[PDB]
Amino acid sequence: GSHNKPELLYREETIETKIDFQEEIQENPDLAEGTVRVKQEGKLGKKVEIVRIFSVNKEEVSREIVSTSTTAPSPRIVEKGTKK
C-alpha cells in the first residue's frame, strides 16, 4: 500500500539471451587429406522476451508478456579431407 497519489505506470523491458550452438567435424573423401573446409559458420542465437510491468502508485502490481521471438543458433560444421 504505497502512501502517495495513485499513478498507473507501464514499464516495458526487453530480455535478450544468447543461445549457444553445437560443433561437429565430418570427413570428406572428396577433399585432399588434411584439408579443412568450414561447411557451416558457428553463430550464436538469441531468445527475445518483451514484457510490460504494471505499477500503480509507484508500486508493482503485475506483469504481462508483450511479445517474444527466438532466433535459432547456427551449429558449426567443419569438413576434414581424407581418403576413404
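Anything mentioned here points back to the structure above.
Residues numbered from 1 in each chain as written, not as in the entry; some residues may be left out. Heavy atoms only, no water.

Moving on, we get to the overall build of the protein chain. Helix and strand content of the protein chain: zero helices and six strands. In the protein chain, the order of α-helices and β-strands from amino to carboxyl end is β-β-β-β-β-β. The C-alpha atoms of the protein chain give a radius of gyration of 24 Å, which is well past the 12 Å a tight globule of 84 residues would have. Projected onto its principal axes, the C-alpha positions of the protein chain cover 80 × 15 × 10 Å. Counting the 84 residues in the protein chain, one finds 17% classified as buried. Of all intrachain contacts in the protein chain linking residues separated by at least 6 positions in sequence, the fraction that spans at least 24 positions is 79%. A total of about 6,900 Å² of accessible surface is found on the protein chain, and carbon and sulfur atoms cover 47% of it. Looking at charge distribution, the protein chain has the averaged site of its 15 positive side-chain charges lying 3 Å from that of its 16 negative ones. (Helix = DSSP H or I, 4+ residues; strand = E, 2+ residues; numbered from the N terminus. Rg over C-alpha atoms; globule rule 2.2 N^0.38 Å. Buried < 20%, exposed > 50% of the residue type's maximum accessible area, 1.4 Å probe, protein only. Contact = heavy atoms within 4.5 Å. Areas by Shrake-Rupley, 256 points an atom, 1.4 Å probe, with all protein chains shown as cover. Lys, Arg positive; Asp, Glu negative; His and termini not counted. Charge placed at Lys NZ, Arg CZ, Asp CG, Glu CD.)

On to the sheet that holds strand β5 (residues 60-71), then. Ordered in space as β1-β4-β5, the three strands form an open sheet in which the pairing is antiparallel. Looking at which strands have only one partner, the edges of the open sheet turn out to be β1 (8-19) and β5. The sheet shows a mean angle of 15 degrees between the axes of neighbouring strands, direction not considered. As judged from the 12 bridges shared by β1 and strand β4 (residues 45-56), these two strands associate in the antiparallel manner. Note that in β4 the partner of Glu-13 across the bridge is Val-51. (Pairing = 2+ DSSP bridges. Axes fitted to C-alpha atoms, helices over the stretch in contact; angles between N-to-C directions.)

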